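Reading through the C-alpha cells given below for one structure.
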2 protein chains.
Amino acid sequence: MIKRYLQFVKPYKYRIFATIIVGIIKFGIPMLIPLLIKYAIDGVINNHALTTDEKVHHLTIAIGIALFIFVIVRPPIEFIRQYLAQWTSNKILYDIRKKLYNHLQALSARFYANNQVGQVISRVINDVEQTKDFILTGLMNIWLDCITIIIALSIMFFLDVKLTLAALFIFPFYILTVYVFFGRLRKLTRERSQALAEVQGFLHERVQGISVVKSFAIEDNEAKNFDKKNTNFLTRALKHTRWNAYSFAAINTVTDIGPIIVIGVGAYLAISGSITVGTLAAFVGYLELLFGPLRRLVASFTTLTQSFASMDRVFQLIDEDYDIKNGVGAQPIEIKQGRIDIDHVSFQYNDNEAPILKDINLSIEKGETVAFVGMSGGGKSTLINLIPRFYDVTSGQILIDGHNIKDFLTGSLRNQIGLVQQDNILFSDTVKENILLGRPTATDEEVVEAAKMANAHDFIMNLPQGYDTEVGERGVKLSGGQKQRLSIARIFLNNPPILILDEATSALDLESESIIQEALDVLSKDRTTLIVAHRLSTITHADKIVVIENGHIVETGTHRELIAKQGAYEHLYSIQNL
Amino acid sequence: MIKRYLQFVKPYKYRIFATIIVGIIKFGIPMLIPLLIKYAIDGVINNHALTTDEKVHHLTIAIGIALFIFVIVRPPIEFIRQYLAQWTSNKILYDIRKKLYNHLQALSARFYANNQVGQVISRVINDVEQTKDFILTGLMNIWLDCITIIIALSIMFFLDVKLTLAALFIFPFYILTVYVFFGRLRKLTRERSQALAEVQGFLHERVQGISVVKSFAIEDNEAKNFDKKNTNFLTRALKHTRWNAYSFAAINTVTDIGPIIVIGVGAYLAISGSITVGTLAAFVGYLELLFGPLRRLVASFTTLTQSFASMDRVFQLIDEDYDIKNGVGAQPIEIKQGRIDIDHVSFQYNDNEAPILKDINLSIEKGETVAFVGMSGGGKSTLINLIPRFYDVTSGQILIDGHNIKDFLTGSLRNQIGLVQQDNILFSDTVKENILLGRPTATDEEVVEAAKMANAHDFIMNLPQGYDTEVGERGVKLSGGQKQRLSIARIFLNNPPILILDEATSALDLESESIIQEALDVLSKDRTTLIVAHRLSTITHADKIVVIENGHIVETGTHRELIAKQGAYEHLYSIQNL
Ligand SMILES: Nc1ncnc2c1ncn2[C@@H]1O[C@H](COP(=O)(O)OP(=O)(O)NP(=O)(O)O)[C@@H](O)[C@H]1O
Ligand SMILES: Nc1ncnc2c1ncn2[C@@H]1O[C@H](COP(=O)(O)OP(=O)(O)NP(=O)(O)O)[C@@H](O)[C@H]1O
Ligand code: NA
Ligand code: NA
Ligand code: NA
Ligand code: NA
C-alpha cells in the first residue's frame, strides 16, 4: 500500500530529496555554537602569547564569522527547509483530492443511495489531510533521526566495541514494543476517524433538513440524536488517546533502560580494568546522540500510525467499485432516430429484494410520444431511469437505434437523453448558471431562449438582479413552479434526440402547465418522447399510453382506445371528473 | 475574546493545573541521567576513599535506584501527563460542538437560505478542532518554556548583572518581530481555512446533486468548477505556508544573535576586567537554557496564531443572529380554537427587493378549510410559512386565537401547526423513524395508525424489512407518491389544531389522492385547515377559496360563487376541461 500512496509523491521525489539534504545540512549549525565557545576561551585568552590588540581582532572576525553564518546563511536554509517540506506535501494532497473528486463523480446512483455525503466528504477532506504527516514526519524527518543514530552508533563503535553493545541491547525490545502497539493504534485511529465521519454525515443530513426539524420543533429530540454521535466520537477519540499515552510511556521506558544498562556497564568495565576512564567519559557523552533520536522516533512512530489509518480510509473509498462501467467496447454513438426497444427487461435494486420491473417489453419508434401511467410506486420512475442507464437492467436489454445501451459511452448516451427528474436539483448559483447546466457552452442568447421556452424567461426578469439572481442553496429562493421550470429550460438548452419527462409538471398551476405543454408539444414534435405522469389530461395526446401496475405493463393504447376498453386506464381517468 | 474561549475551559481548570504541575515535574528526570553520570564519574570513580568493594557497592545503589525511578516512577508520570492533556481538551471540544449544534438548530430559514451547509459544517468541525492547539500548546506548554526562561535568567543575573544585559538585549527585538508577523499570519490562516470551507461547501452541494451532473454528463465541466475551488484552497494554503516559513527564519535569526552577542561582549569584558574566564565560561553553559525555550516559543507562537484564526471563525458563527427570537414575553399558549387572523400583512424577504405579499387581510374561523390558489410564484407558499412564523411579517400582524404569533413560544406555536411543505424531507433512517418525526414519543401502534391514515401502511409492508426498511439518504429508495405520503403520515401523528397543506398531493396518482383526500376530509373535519393547491378539483369542497395574484388576494369565495363571478378563479378552473 505504501507503494500506492508513494505514487502520489513520485513527481515530487527531487523536491523531497532536496528537503532531506537541506535537512542534514542543519545539524552542522547547532554544533557551531559550542565550537565558538571554545575559540574565544582557548584561542584568544588561553593561548597566552597574543597581543591585547591582536586577540581583540580575532574576536572581531570570529564574532564576525558567526554573525555572517547565522544572519545570512542559516536564515535561507531555515526558510527553504520548511517552505519546501510544505510546498511539497501540500501540492501532493491537492493532487489526491483532484483524483478523489473524479472518483466520486464516477460512482453510481447506487453508491450515493446507500452512502452519506457527510461521511464521504470526511474522507476526501479530513482523512486525506491526515496523510499529510506521512509525507512530513515519514519521508522527510524519520531519516534524519536514523542518520543520527548511525553516526552515533558508529562513533561509539570506535570508542569501544562492547560498550556500544551495552546499548544495542535495548534496540530489539524497543522494536518489539513498537510492533506490539502499532496495529492496535492503527485501528483505534481508524475507528476514531470513522466516528468523526459519522458526526459529519449527521450534521450534513440535519443542517440541510432542518426545515423539518423546525416544523415539528423537535430540536430537543434531534439535539439528542446529535449528542449520541458527538459522544460516540469522544469516546472513540479517548480510547485512542489512552492507548497513545499508554504506548508512549511503554516505548520510552524501554528507551530509558538504554543509557542505564550502559552507564552501569560502562563503570563495571572502566573499574574492572577493561577500559580507560576517559573512554567511559567520552562514550557516555554521546548517550544523548543515541537515546535522543530513539525517543523522537517514538513520537514519529505514533504520528505515522495515525497517518496509515487515514490513508487506509482514503484508499478504501478509492477502491469503491463503479457500478456502471464503460467497458472496452465503449463507443460514442450518435442517436440519429429515436428508436427505443425494451426487450424482456427485468429490474431489481438488490439480489435479496424482489424485482420492481419484471418482464417488460415495449417498442418506441422515432417521433412517438409514449406516456407512462399507473399507481404510485409501480415502476415508472425505475423503468425510465434504466434508459440513461443509471442502473443496469437485471435481465434483458434496452436498445437505442438497435445499439444496446451498454455499448454506448456513458456520457454519449446520457448527453443525448434530456431528462427532467421528478425531484429536480438547483445549485446555490445564479438563474443563468443553473440553466447552463443543460449545456455549459451556451450563448447567453440561447439560454434566454430556453428560458422563454420553459415559460421561465418572464418571471426571471422580475427577479431582483434578473437572470443573475442568485437562487438559494438547493434553490430555495424560488417557488415550486419556478424551480421546476428552470429544470425544464435545461432540456431545451440540451435539445437532445430523446426526452424523458418524469412528472415535469408537478408544481405548476393549471395555466403555466398549459404554456409549457404547448412549448413542449412543439419541441416534442419530431423527437422520441417518454412521459411519466399522474395528471392524466396532460397525456391524452400521447401516441401510446402505457399502464403500469405492480412492476408490469398492464394496458397499452391510445387514450381513445384505452377509454373504450373500460379497463385499468379508464378506471384511473374516470376518477377525475366523477 | 480569549475570555470567551476560556469560558469553555473553566470547568477543567484543575485538570489543567494538574497537567501543568506534572509537566514541571518532568525536567527533573532528564537531569537525573547526567547526575548518575557525574555521580558515577566524579562520585564513585574518583572519590579517592573507596574500597574496590565500596565504589562498586555505591555504584550499584545508584543503578538499582535509577531503574526504580525510570521503570516505575517515570512511566506513570509520562502517561498521566499526556492522557490528562488530551482527555481535557478533547472533552472541551466536545462541549464546544454541543453548543454549536444547538446554535445552528436555532438559526432561521433565512440563515440557511443564504448559507452553504458545507461551509457551516467546516466551522463546526475543522475550525473548532483547530482551536485544540490553543489548549495544548497554549495553556499547557508555553508556560513550561517560560518557567525555564525565568530559572535560566535568574542564574545569569546572579552570575553577572551586566552580561545578562548582553543576552536580554535580544528579547525586545524578538518580541517586536513576533508582533510584526502574528497579525498577518492570523489572517492568512483565516483566509486559508475559509478556502477549505469553500471546497467543503462545494463537495457537499455537488455530491448531493450529482443526479443532475450525471444526467447531462457534465462531469468534465463540474470537475473544473471543483479544481477552481481546490486550487484556490492550495494557493491560499501556500501563501500561508510561505509566511510561516518566512516568519520562522526571522524570529530565529533574532533568537540566534542571542548566544553570539553574549560572546561578543562577554569576551570583550573579560579582557577589560569585567570578570574572568571562570565566569565567562560559566555564563555560557546555560546558554542552552535561555535560547532553547525562546526557539521553542517561536513554534509555539506559530501554532497559536493559527489557533486564534480558528476560534475567530468559530465565534463568528456563534455570533450569528437568530432572526426569529422568542423575546421576554415568551408564553407556551394552547390553541384551543383554530382562529387565524391575518391583518394587513405585508412581506419582503429583504429590504432591497420588492414585497412578495403586500396588503393581505384574511380571517379564518375555527373549523374552516381555506384553500389558496393562484399562478405559480404568487405568494401562497410565502404567506403560509408566515404562520408557523418561519419569517416575521414585515408590516402587520397574524393572530391565532387573538394572540399575536410573536407572543407564542416558537416551539409551542410550531408544535401546534401540522405543516406539509411542498418539498418534503426524509432522513436516511427507517420508515418508522421518519414518521416518528411528527411525534418522536409515539407508540409503534399510533405510527401504524398514522401510516394507514396517509395511505402508507400498505406499501410499507411490501417493503423489504417493512416499517423497518431503511429509506435511502434523502429518502431515495421510495417513489414520489411514497415519500410524500410519509410526510402526510407525520401530520396525523402530530395531530395538531391547525393543518397547512402546501400541495400535499403533488406526486400521488389520481387514486391515492382520492384516498388521502377522504382520510384528510375526516381529520380536517373540525380543525382549522389551510390548503395551497394547483390541482383545483381537490379544493372545491373548501369553505372558502382564496385567489392570489402577484402578491395580492384577488378573489374570495365558494367554488360555486367564484365560478359564477366568471372572474380570475373561473378562468383557471375553466382551463381543466377546456
Ligand atoms: N429565501 C428567499 N429570498 C428571496 N426570495 C424568496 C425566498 N424564498 C422564496 N422567495 C420568493 O419566492 C417568491 C414567490 O414565492 P411563492 O409565490 O410564495 O411560491 P408559490 O407561488 O406558493 N410556489 P408554487 O405553489 O410552487 O407556484 C419569488 O418571487 C422569490 O423571490
Ligand atoms: N434505491 C432503491 N432500493 C430499493 N428499492 C427502490 C430504490 N429506489 C426506488 N425503489 C423502489 O421504488 C419502487 C417503485 O418506484 P416507482 O414506481 O418507479 O416510483 P414511481 O411510481 O414512478 N414514483 P411516482 O410517479 O412518485 O408514483 C418501490 O417498490 C421501491 O422498492
Ligand atoms: Na414525439
Ligand atoms: Na376544517
Ligand atoms: Na408552493
Ligand atoms: Na416519480
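Virtual Cβ from ideal backbone geometry, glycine too; neighbours counted across all protein chains shown. What is reported rests on the model, the rules as stated and the sources as named; no laboratory instrument gave them.
For the reader, a short list of remarks on this structure follows.
- Here A:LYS3 meets each of (1) within 22 Å of the chain's Cα centre (by Cα); (2) surrounded by 18 or more Cβ atoms within 10 Å (Cβ to Cβ) with one exception, condition (2).
- Residues satisfying the stated conditions in region B:299-323, i.e. of a type in the set (A, V, I, L, M, F, W, C) and buried (at least 19 other Cβ atoms within 10 Å of the Cβ): B:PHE301, B:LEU304, B:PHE308, B:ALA309, B:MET311, B:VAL314, B:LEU317
- Of residues in region A:471-497 being touching a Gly at 6+ places or on another chain (Cβ under 6 Å) and more than 8 Å from every other protein chain (Cβ to nearest Cβ), the one farthest from ligand 5 (Cβ to nearest atom): A:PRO497
- If you go through region A:223-260 and pick out every residue that is within 7 Å of another protein chain (Cβ to nearest Cβ) and charged (D, E, K, R), you end up with 3.
- Residues that are out of contact with any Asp or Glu (no Cβ under 6 Å at 6 or more places or on another chain) and in a strand (DSSP E or B) were ranked within region B:368-390; the one that is nearest to the other protein chains (Cβ to nearest Cβ) is B:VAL373.
- The residues in region B:180-208 that are among the basic types (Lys, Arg) and either farther than 25 Å from A:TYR101 by Cα or without any contact (Cβ under 8 Å) to a residue 24 or more places away in the chain (or both) can be counted, and the count is 4.
- Scanning region A:209-229 for residues that are buried (at least 16 other Cβ atoms within 10 Å of the Cβ) and either touching a residue at least 40 places away in the same chain (Cβ under 8 Å) or basic (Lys, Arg) (or both) yields A:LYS214, A:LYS229.
- Within region A:334-375, the set of residues being away from ligand 3 (no atom under 16 Å from the Cβ), more than 20 Å from A:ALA533 (Cβ to Cβ) and buried (at least 20 other Cβ atoms within 10 Å of the Cβ) comprises A:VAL345, A:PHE347.
- Scanning region B:498-514 for residues that are more than 7 Å from chain A (Cβ to nearest Cβ) and over 30 Å from B:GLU334 (Cβ atoms), we see that the one that is surrounded by the most Cβ atoms within 10 Å (Cβ to Cβ) is B:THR505.
- Output for region B:391-405, where each listed residue is buried (at least 21 other Cβ atoms within 10 Å of the Cβ) and either assigned to a loop (DSSP other than H, G, I, E, B) or among the charged types (D, E, K, R) (or both): B:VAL393
- Residues that are closer than 25 Å to B:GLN86 by Cβ and either of a type outside the set (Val, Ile, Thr) or surrounded by fewer than 19 Cβ atoms within 10 Å (Cβ to Cβ) (or both) do not occur anywhere in region A:274-289.
- Considering each residue of region A:495-504 in turn, none proves to be within 16 Å of ligand 1 (Cβ to nearest atom) and closer than 22 Å to B:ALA113 by Cβ.
- Where helices (runs of 4 or more DSSP H) sit wholly within region B:38-113, those with at least 3 residues that are more than 7 Å from every other protein chain (Cβ to nearest Cβ), over 23 Å from A:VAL254 (Cβ atoms) and free of Cβ contacts under 8 Å to residues at least 60 places away in the same chain occupy B:52-68.
- Yes/no for A:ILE142 being aliphatic (A, V, I, L, M) and more than 9 Å from chain B (Cβ to nearest Cβ): yes
- Against the list (1) in contact (Cβ under 8 Å) with a residue 12 or more places away in the chain; (2) in a helix (DSSP H, G or I); (3) more than 12 Å from every other protein chain (Cβ to nearest Cβ), the condition B:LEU165 fails is (1).
- Being aliphatic (A, V, I, L, M), within 16 Å of ligand 4 (Cβ to nearest atom), in contact (Cβ under 8 Å) with a residue 40 or more places away in the chain and away from every other protein chain (no Cβ under 14 Å) is a property that B:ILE340 has.
- A Cβ distance below 6 Å, combined with a sequence gap of six or more or placement on separate chains, defines the contacts here; from region B:493-514, residues that are touching a residue at least 12 places away in the same chain (Cβ under 8 Å) reach residues that are within 16 Å of ligand 5 (Cβ to nearest atom) and assigned to a strand (DSSP E or B) in the pairs B:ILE500/B:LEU419; B:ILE500/B:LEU530; B:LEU501/B:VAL420; B:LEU501/B:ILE531; B:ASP502/B:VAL532; B:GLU503/B:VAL532; B:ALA504/B:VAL420.
- Residues of region A:415-458 that are part of a helix (DSSP H, G or I), surrounded by fewer than 22 Cβ atoms within 10 Å (Cβ to Cβ) and within 13 Å of chain B (Cβ to nearest Cβ): A:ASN415, A:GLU433, A:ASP458.
- Verdict on B:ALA564 being outside any strand (DSSP E or B), within 49 Å of the chain's Cα centre (by Cα), assigned by CATH to the domain that holds B:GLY379 and among the aliphatic types (A, V, I, L, M): no
- Considering (1) closer than 19 Å to A:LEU104 by Cβ; (2) surrounded by fewer than 18 Cβ atoms within 10 Å (Cβ to Cβ), the lone condition that B:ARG184 does not fulfil carries the number (1).
- In this entry, B:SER506 is excluded by the filter for residues that are assigned by CATH to the domain that holds B:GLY338, within 16 Å of ligand 6 (Cβ to nearest atom) and assigned to a helix (DSSP H, G or I).
- Subset of region B:544-578 (residues that are surrounded by 17 or more Cβ atoms within 10 Å (Cβ to Cβ), touching a residue at least 60 places away in the same chain (Cβ under 8 Å) and among the charged types (D, E, K, R)): B:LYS544
- Members of region B:515-544 found to be within 16 Å of ligand 5 (Cβ to nearest atom) and either more than 14 Å from chain A (Cβ to nearest Cβ) or not small (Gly, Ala, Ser) (or both), listed by number: B:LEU530, B:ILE531, B:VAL532, B:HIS534, B:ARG535, B:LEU536, B:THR538, B:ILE539
- A single member of A:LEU463, A:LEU493, A:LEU523 is in contact with a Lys or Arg (Cβ under 6 Å, 6 or more places away or on another chain) and more than 16 Å from ligand 6 (Cβ to nearest atom), and it is A:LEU493.
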